[PDB]
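Enquirer:
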Amino acid sequence: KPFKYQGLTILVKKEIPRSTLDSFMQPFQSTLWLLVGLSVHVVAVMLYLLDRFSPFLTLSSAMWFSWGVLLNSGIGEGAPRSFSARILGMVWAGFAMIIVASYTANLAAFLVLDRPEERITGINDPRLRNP
Amino acid sequence: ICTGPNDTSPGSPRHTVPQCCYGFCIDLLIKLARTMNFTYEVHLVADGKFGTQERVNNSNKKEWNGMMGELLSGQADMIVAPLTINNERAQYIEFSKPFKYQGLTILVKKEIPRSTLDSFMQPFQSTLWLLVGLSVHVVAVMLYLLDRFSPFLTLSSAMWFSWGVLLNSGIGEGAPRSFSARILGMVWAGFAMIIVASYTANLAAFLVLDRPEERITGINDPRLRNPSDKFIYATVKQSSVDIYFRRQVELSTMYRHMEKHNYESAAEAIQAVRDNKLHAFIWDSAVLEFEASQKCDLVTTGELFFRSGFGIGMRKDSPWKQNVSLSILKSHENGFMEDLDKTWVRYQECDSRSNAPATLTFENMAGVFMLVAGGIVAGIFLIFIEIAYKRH
Amino acid sequence: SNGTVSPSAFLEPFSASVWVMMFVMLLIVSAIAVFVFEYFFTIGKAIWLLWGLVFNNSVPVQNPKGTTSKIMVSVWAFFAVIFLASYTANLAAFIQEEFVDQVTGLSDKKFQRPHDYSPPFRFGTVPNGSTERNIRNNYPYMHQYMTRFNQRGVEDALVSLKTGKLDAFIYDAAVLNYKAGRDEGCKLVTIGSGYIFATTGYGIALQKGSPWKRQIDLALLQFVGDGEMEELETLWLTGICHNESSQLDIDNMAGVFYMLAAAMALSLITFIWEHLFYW
Numbered sequence: 531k532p533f534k535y536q537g538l539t540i541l542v543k544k545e546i547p548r549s550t551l552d553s554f555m556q557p558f559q560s561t562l563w564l565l566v567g568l569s570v571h572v573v574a575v576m577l578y579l580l581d582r583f584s585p586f601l602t603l604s605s606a607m608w609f610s611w612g613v614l615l616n617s618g619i620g621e622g623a624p625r626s627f628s629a630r631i632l633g634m635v636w637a638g639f640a641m642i643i644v645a646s647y648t649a650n651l652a653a654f655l656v657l658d659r660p661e662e663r664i665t666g667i668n669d670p671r672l673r674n675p
Numbered sequence: 435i436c437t438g439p440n441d442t443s444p445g446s447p448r449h450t451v452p453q454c455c456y457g458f459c460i461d462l463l464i465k466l467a468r469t470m471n472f473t474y475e476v477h478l479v480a481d482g483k484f485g486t487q488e489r490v491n492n493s494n495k496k497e498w499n500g501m502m503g504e505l506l507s508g509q510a511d512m513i514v515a516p517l518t519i520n521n522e523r524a525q526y527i528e529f530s531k532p533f534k535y536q537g538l539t540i541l542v543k544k545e546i547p548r549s550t551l552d553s554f555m556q557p558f559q560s561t562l563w564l565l566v567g568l569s570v571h572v573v574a575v576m577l578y579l580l581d582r583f584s585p586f601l602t603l604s605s606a607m608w609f610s611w612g613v614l615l616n617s618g619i620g621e622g623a624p625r626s627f628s629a630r631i632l633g634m635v636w637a638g639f640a641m642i643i644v645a646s647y648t649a650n651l652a653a654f655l656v657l658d659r660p661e662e663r664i665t666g667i668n669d670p671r672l673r674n675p676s677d678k679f680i681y682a683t684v685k686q687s688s689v690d691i692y693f694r695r696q697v698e699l700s701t702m703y704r705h706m707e708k709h710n711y712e713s714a715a716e717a718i719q720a721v722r723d724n725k726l727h728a729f730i731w732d733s734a735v736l737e738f739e740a741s742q743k744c745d746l747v748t749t750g751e752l753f754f755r756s757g758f759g760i761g762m763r764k765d766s767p768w769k770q771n772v773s774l775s776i777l778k779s780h781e782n783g784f785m786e787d788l789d790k791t792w793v794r795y796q797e798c799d800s801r802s803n804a805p806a807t808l809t810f811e812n813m814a815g816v817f818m819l820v821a822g823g824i825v826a827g828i829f830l831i832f833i834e835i836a837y838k839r840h
Numbered sequence: 540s541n542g543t544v545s546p547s548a549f550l551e552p553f554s555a556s557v558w559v560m561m562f563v564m565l566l567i568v569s570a571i572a573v574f575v576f577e578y579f599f600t601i602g603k604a605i606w607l608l609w610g611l612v613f614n615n616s617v618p619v620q621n622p623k624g625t626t627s628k629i630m631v632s633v634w635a636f637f638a639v640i641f642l643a644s645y646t647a648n649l650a651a652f653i654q655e656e657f658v659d660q661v662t663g664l665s666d667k668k669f670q671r672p673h674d675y676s677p678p679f680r681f682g683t684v685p686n687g688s689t690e691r692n693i694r695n696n697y698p699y700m701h702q703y704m705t706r707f708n709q710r711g712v713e714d715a716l717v718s719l720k721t722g723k724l725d726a727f728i729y730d731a732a733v734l735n736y737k738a739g740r741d742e743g744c745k746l747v748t749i750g751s752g753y754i755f756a757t758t759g760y761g762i763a764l765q766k767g768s769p770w771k772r773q774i775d776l777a778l779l780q781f782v783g784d785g786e787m788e789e790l791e792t793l794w795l796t797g798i799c800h801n802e808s809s810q811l812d813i814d815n816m817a818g819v820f821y822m823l824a825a826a827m828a829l830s831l832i833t834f835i836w837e838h839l840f841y842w
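The following block contains the structure:
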């Protein structure tokens, strides 16, 4: 009579997550990073360019405002004074919110680079069925 | 012009009255009549059964009903109908090459998401909502007490700070002065962040109800393999599907759940599924997908099983076999049949079928619009309250 | 195909009716409210505060001083955080790389008219088969266009289509389904998610008036009814890609960049408008 009931099964090596120094930068492509970085600066410059020539917000104030609203920090307590500057700044803040939400929605997914490629679904799995 | 029974209800006088018929089978028949020189005379069936080998009460003799009952008796000699090809029917009468390749499928209710006003508050329980509503006030009050009795932030300012911390508003202006309060404010802010993160985490599932049971998976669905008294599914009595389910060796058990709910016709079963009387309907894929496209609240599941074809039934000893076979196949090879599918079966009124998550609409968060309207109508009264307070 | 993402994909989470109702009507009602509650702080400052509060990004604003206005702002901010959580709950799934079919079907104008395109569309079939007969008897011109793109066999056609030598391969359905299932990397797919034109089947050939026709027909029908065909096809004809974490490019974020470009354009237009107004 048997003294131990068991069966055939598959052993595989656990691919331990190896996190690179750029993993958090994986969700956004490098070209997108450069483009958004240039967009931050161009928005920052156009805000005070529009504000200074308003008959009705300096360099540092405008750039701090742009960077803070992009990062949700509140570093610069300087709001634009002209109307079209108000609309431009609020759209800039909305775009910042959208982009940071998109980054959040996939940051943790790319922070851990684990995929079920090494997982084996018994003997009916294809990679074992097909040599 | 088709002469058929007037009333389909059982136990009613059935008199042959001529109605007018038109459809895929009808214009397929006219295609045959144009390609092959012959005259036709279409008439309906004495009953609403496709055909099933049945025992008669006297002498226990086998007989066929419906199409093949009429055909073997000489009343009719050729059939244009969605007649499935199977072993049992092919033994006595002969079928041409299929004019529609299709399998078997399950039709169920779409079960549109239930929308309620209190959907957004579902994530947290009512007790937890009340407890956090008390917690914001109590944290505000001992912040006020700590700052007021400092060794070295008024009540209203304390409440504004607490509320603007709990929900991101910026209303609270002025950090606590005393060091004792400046740590409790920080930990209360951490608690508020935990609360808002927990609310954000899974409010989407509560806003739009999921489909734990609606997601049927072929015949392998647990409530299909093992039928209970709560989930009732049936099909057309005395048809191809009944014979198929009677033939399998593993499914016999659910066939015993199947025999006591069979409907007389496909339309009746479809209507029963429509008004939440029949949970699921087993039928051929073509009719079910056409109904799902047309009836917008009905949905197919997939995982086709028992793939077969609709064929032209005819007598075992007839000379039209080869002619109709070549004619129907020639209709296959040229542009005729896909044109017929485009004209009669290939048209959608709604689809709403995609793998993407559902698009949020009015009813999905009507609750938050009602909440902001209630906030407006509450403010329009608290203003008179505060004017009276300032009067005092 | 590589595929693309529609620029309006990030507006898809909420219907346009919801967007216009909340962001025009409800927003202005709340703003004019808070203004008149403060009266009992320009309306522009009010709408600015509401806009900044809808999507909190530490935007500098001037908070109202009234108690009732503060209650109004708090309830609006609760509404706004609900909106943000709902919008970002399924934003990742909505912004997904969808794969569009370049050919709608066998009747597509690309097949009908291959010359009127900058690239000559490269598509053909293996000769000596029923496919060429159907193509000839249905479409002679497109068959004589086939003649210069004929492939030696199925494996040659597959290896040519993997590279840029060919664009489409037309042949009977079962073989292509098996190849697509057994394809490595799932880089080859049939058009129309299983579009079938001839919708014919495979049969057993017999001599004219053969006595074996009846027995063979009964045997095949019995096998079909008993369900053997199911495990026979899932043991041989089954596939791998059947029943089966991506970076974001400029094309994925094309809509929001278009939105900001339109914002810059309208800001310039408003700049001109206010210069003429003050002039």
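Protein chains in written order, with PDB author numbering: chain A, 531 to 586, 601 to 675; chain C, 435 to 586, 601 to 840; chain B, 540 to 579, 599 to 802, 808 to 842. In this text, a Cβ means the ideal position worked out from N, Cα and C, and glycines have one as well.
What are the residues of the segment 607-633 of chain B that lie near chain C, defined by any Cβ-Cβ distance shorter than 7 Å?
Expert: Within the segment 607-633 of chain B, the residues whose Cβ lies closer than 7 Å to some Cβ of chain C are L611, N614, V619, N621, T625, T626, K628, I629, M630, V631, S632, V633, listed in chain order.
Enquirer: Hey, is residue 426 of chain C's beta-carbon within less than 8 Å of any beta-carbon in chain B?
Expert: The shown model of chain C, from 435 to 840, leaves out residue 426 of chain C, and the question about it has no answer.
Enquirer: Would you say A:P557 touches the ligand ZN, meaning its beta carbon is less than 7 Å from a heavy atom?
Expert: This structure simply doesn't include the ligand ZN, nor any ligand for that matter.
Enquirer: Determine the chain A residues that contact B:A824 at a beta-carbon separation under 8 Å, and present them in chain order.
Expert: Residues of chain A passing the Cβ test: none, with the nearest at roughly 10 Å.
Enquirer: Is it right to say C:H727 is buried, meaning 16 or more other beta carbons lie within 10 angstroms of its own, or is it exposed?
Expert: Counting Cβ neighbours within 10 Å, C:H727 comes out buried, since at least 16 surround it.
Enquirer: Compute the distance between the beta-carbons of B:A826 and A:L632, then report whether it is under 8 Å.
Expert: Closer than 8 Å, so yes.
Enquirer: Tell me the rounded alpha-carbon separation between B:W836 and B:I605.
Expert: Approximately 20 Å, taken between the alpha carbons.
Enquirer: Using Cβ-Cβ distances below 8 Å, what residues of the segment 798-825 of chain C are close to chain B?
Expert: Flagged, chain order: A804, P805, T807, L808, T809, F810, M813, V816, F817, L819, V820, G823, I824.
Enquirer: For chain A, find out if any of its Cβ atoms is closer than 8 Å to the Cβ of B:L719; answer yes or no.
Expert: B:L719 does not count as touching chain A.
Enquirer: Whose C-alpha, out of C:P444, C:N440, C:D461, C:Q525, is nearest the C-alpha of B:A777?
Expert: Taking only the C-alpha atoms, the option nearest B:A777 is C:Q525.
Enquirer: According to DSSP, is C:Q536 part of a helix, a strand, or is it coil?
Expert: Three-state result, C:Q536: strand.
Enquirer: Tell me whether C:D732 sits in a helix, a strand or coil according to DSSP, three-state version.
Expert: Looking at C:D732 - three-state DSSP - the assignment turns out to be strand.
Enquirer: How would you write the range of the beta strand (DSSP E) that C:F693 sits in, first residue to last?
Expert: Looking at the DSSP string, C:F693 is not in any beta strand (DSSP E); the run it does join, the alpha helix (DSSP H), is 688-695.
Enquirer: Taking CB distances under 8 Å as the criterion, tell me whether C:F554 reaches chain B.
Expert: It does; some Cβ of chain B falls within 8 Å.
Enquirer: Between A:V573 and the rest of its own chain, which residues show a CB-CB distance below 6 Å, the 5 nearest in sequence each way excluded?
Expert: Excluding residues within five positions, the ones whose Cβ falls inside 6 Å are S610, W636.
Enquirer: Using only the alpha-carbon positions, how far apart do B:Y753 and C:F554 sit?
Expert: Answer to the nearest angstrom: the Cα atoms are 43 Å apart.
Enquirer: For B:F834, name the three-state secondary structure that DSSP assigns.
Expert: If DSSP states are grouped into helix, strand and coil, B:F834 belongs with the helices.
Enquirer: When you check each C-beta in the segment 646-661 of chain A against every C-beta of chain B, which residues fall closer than 8 Å?
Expert: Listed by position, the residues of the segment 646-661 of chain A near chain B (Cβ gap below 8 Å) are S646, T648, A649, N650, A653, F654, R659.
Enquirer: Got a sec? Which residues, its chain only, sit under 8 Å from A:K543 by beta carbon, not counting five neighbours each side?
Expert: Around A:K543: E662.
Enquirer: For B:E690, is the classification buried or exposed, using 16 other Cβ atoms within 10 angstroms of its Cβ as the cut-off for buried?
Expert: By the neighbour-count rule (16 or more Cβ atoms within 10 Å), B:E690 is buried.
Enquirer: Within the 8 Å Cβ cut-off, does B:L716 reach chain C?
Expert: No, no contact with chain C.
Enquirer: Check whether the Cβ atoms of B:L566 and B:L607 sit closer than 8 Å, and answer yes or no.
Expert: No, the pair does not count as a contact, with Cβ atoms beyond the cut-off.
Enquirer: Count Cβ pairs between the segment 664-675 of chain B and the segment 557-565 of chain B that sit closer than 8 Å; are there 3 or more?
Expert: No: the two stretches stay apart, fewer than three of their Cβ pairs being nearer than 8 Å.
Enquirer: Looking at the C-beta of B:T543, does it have a partner C-beta in chain A at a distance below 8 Å?
Expert: It does not; no Cβ of chain A falls within 8 Å.
Enquirer: Determine, using beta carbons only, whether A:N650 and A:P557 come nearer to each other than 8 Å.
Expert: For A:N650 and A:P557, yes; Cβs fall inside 8 Å.
Enquirer: For a minimum of 4 consecutive residues, which ranges assigned as the alpha helix (DSSP H) are wholly contained in the segment 696-764 of chain B?
Expert: Listed in chain order, they are 698-704, 712-720, 731-740.
Enquirer: Helix, strand or coil: how does DSSP classify C:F754 here?
Expert: Strand at C:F754.
Enquirer: Please list the segments of the alpha helix (DSSP H) lying wholly inside the segment 761-838 of chain C, counting only runs of 4 or more residues, in order along the chain.
Expert: Counting only runs of 4 or more, we get 768-781, 784-792.
Enquirer: How about A:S628 and B:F834: are their beta carbons less than 8 Å apart?
Expert: Contact flag set, yes.
Enquirer: Could you tell me the boundaries of the beta strand (DSSP E) in which C:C436 lies?
Expert: 436-439 is the extent of the beta strand (DSSP E) around C:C436.
Enquirer: Could you run through the segment 764-796 of chain C and flag, in chain order, every residue whose CB is less than 9 Å away from some CB of chain B?
Expert: Cβ contacts with chain B: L777, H780, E781, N782, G783, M785, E786.
Enquirer: Helix, strand or coil: which one does DSSP assign to B:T626?
Expert: Three-state DSSP puts B:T626 in a helix.
Enquirer: Hey, does B:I567 have any beta-carbon neighbour from chain E nearer than 8 Å?
Expert: Considering every chain present, this structure includes no chain E. Its protein chains are A, C and B.
Enquirer: In chain order, what residues of the same chain have a beta carbon less than 7 Å from the beta carbon of B:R740, not counting five sequence neighbours either side?
Expert: Counting only Cβ-Cβ distances below 7 Å, and skipping sequence neighbours, we find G797, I798.
Enquirer: Out of B:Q773, B:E551, B:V557, B:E577, which one is the CA nearest neighbour of C:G815?
Expert: Out of B:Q773, B:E551, B:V557, B:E577, B:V557 has the C-alpha closest to the C-alpha of C:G815.
Enquirer: On the premise that B:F553 lies in contact with C:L808, defined as a C-beta separation below 8 Å, what is that separation, rounded to the nearest angstrom?
Expert: That belief holds up - the Cβ atoms of C:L808 and B:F553 are roughly 5 Å apart, short of 8 Å.
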